[PDB]
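Here the structure comes first, spelled out in structure tokens, and everything after it is commentary.
What follows is calculated from the coordinates using simple rules that are stated; it is not laboratory data. Here the Cβ is made from the backbone with ideal geometry for all residues, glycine too, and neighbour counts use every protein chain on show.
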Amino acid sequence: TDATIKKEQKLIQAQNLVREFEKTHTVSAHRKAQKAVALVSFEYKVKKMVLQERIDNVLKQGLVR
Amino acid sequence: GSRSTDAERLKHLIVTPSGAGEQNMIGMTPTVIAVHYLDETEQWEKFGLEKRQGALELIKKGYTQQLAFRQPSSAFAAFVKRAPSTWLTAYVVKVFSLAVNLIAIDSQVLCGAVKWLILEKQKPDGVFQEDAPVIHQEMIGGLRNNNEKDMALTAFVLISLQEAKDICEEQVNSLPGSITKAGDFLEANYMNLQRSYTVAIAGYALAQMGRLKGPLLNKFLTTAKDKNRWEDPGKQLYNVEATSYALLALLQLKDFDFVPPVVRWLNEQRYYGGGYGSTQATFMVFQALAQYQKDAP
């Protein structure tokens, strides 16, 4: 069931990095956030969608370096 | 580290993707790699931070359009009713894997393609076969040469699976074993290679799984001309592509002593990609230079 832990971790990682992105708005942060989210299991399809939407909204606001 | 490649030299790489299953990837390639390179060398500020969002918009456009050619099996071809291409499906995996850092990419589209390649196109001996060559033979780079096709194609596909591993690990149980088998094949025939191209591409494949050493590494290193390039008598584009694969191998090995001359040679070629038949050379030279910028001390 380590898979359960792995998947939860990915989800945690993605959430943190997405939050981090909403904070800094940088290309570096965008990239980490986007890849992290890409790694979230389909099991979390809903929050994965919510997380992607959050990424899309930060980009809609514009990046700064 | 050496100076980065001036962003101004890459403005022609932001392209609109169009055409069918192959052509869409030919257009998607330059844009994806240009953003990838500009991101790594942080040249957006001194170039146009707003142009990035535009490029990203074009990448999304390329991605969605590519999905129209995803067949029920998860494989790709120029047209949905055309027999699926091993090379193209592998290339789509290659490009989408690098683009995972730029836009939303459905893991099941990526891993579905991976699964298909393993289940349908890999022989029990590990080799990967192409049963329906792409129309645009000019987009496959050095793999156009007919000699050592089994090694070259197996290396190419293995590279794709390796670059997709992180993304597909948890959903493709057979991925680890497929990679092993592919590696075994490359290993048992590596010493017999005659083309600098195959040596380079297979070298990178083997280096990624820590199997490029002993006499194989010696072969790989000694194949280079003047210790700065991997070339064969043919199109110069193939050598640029080959040497780029070689740079990626050296970086994978952490052989930073052999790296400087190679990077210097690539820069001295002043090859900024784009144009008919530039697909592999464009993607590889910049993936390699970006990696160099990222890793090199």
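Using 32 Å as the Cα-Cα cut-off, could you pick out the over-long pairs in B:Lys11/B:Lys94; A:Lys10/B:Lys61; B:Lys51/B:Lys225; B:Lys181/B:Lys294; A:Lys6/B:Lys254?
On the way: B:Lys11/B:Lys94 23 Å; A:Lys10/B:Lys61 27 Å; B:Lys51/B:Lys225 39 Å; B:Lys181/B:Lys294 30 Å; A:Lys6/B:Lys254 29 Å.
The answer is B:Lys51/B:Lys225.
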Fill in the blank from the handout: Note, segment B:50-65: 3J(HN,Hα) by Karplus (6.51, -1.76, 1.60, θ = phi - 60°), whole Hz, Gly/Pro = x, goes 7, 5, 5, 4, x, 4, 4, 5, 6, 5, 4, 4, x, 4, 4, 4
Practice task
Sort out for me the Cα centre separation of segment B:45-118 from segment B:11-34, rounded to whole Å.
Solution key: 11
Completion exercise
Going fewest to most other Cβ atoms within 10 Å around each Cβ, B:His136, A:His30 line up as B:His136, A:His30
Practice task
May I ask you to derive the FRET efficiency for A:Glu53 and B:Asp6 from their Cβ-Cβ distance with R0 = 45 Å, giving the value to the nearest 0.05?
Solution key: 0.80
Problem - Alpha-carbon radius of gyration plus Dmax, which is the widest Cα pair, for chain A in Å - result: 11.8, 41
Handout entry: Simple label model, 7 Å out from Cα along Cβ direction - B:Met209 to A:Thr4, nm
Key = 3.2
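Could you tally the net charge around B:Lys123, taking each other residue with its Cβ under 14 Å from the Cβ of B:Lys123, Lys/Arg +1 and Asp/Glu -1? Kindly include the intermediate steps, with their values, before the conclusion.
Details: positive: B:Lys121, B:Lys149, B:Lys181; negative: B:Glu120, B:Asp125, B:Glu130, B:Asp131, B:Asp150, B:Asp184.
So the environment of B:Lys123 carries a net charge of -3.
Sorted from fewest to most neighbouring beta carbons within 10 Å, what does the list B:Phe47, B:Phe220 look like?
On the way: B:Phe47 15, B:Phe220 27.
Starting with the residue having the fewest Cβ neighbours, the order is B:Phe47, B:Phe220.
What percent does the relative contact order of chain B come to when contacts are Cα pairs within less than 8 Å and at least six residues apart? Working shown, then result.
Details: 466 pairs, mean separation 57.9, N = 297.
Relative contact order of chain B: 19 percent.
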Handout entry: Percent RCO, i.e. relative contact order, over chain A, from Cα pairs under 8 Å lying at least 6 residues apart
Key = 40
Practice task
Order by neighbour count: B:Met28, B:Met191, fewest other Cβ atoms within 10 Å first, most last.
Solution key: B:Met191, B:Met28
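Based on DSSP H runs of at least 4 residues, each adding -39500 (n - 2.57), what is the mean residue ellipticity at 222 nm of chain B after dividing by all its residues, to the nearest 500 deg cm²/dmol?
On the way: 11 runs with 169 residues, N = 297.
Value at 222 nm, helices only: -18500 deg cm²/dmol.
Provide the gained length on full extension for the span B:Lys46 to B:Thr180, in nm with one decimal, where the gain is 0.36 nm per separating residue minus the Cα-Cα distance.
Details: separation 134, 0.36 × 134 = 48.24 nm, distance 4.36 nm.
Net length gain for the segment: 43.9 nm.
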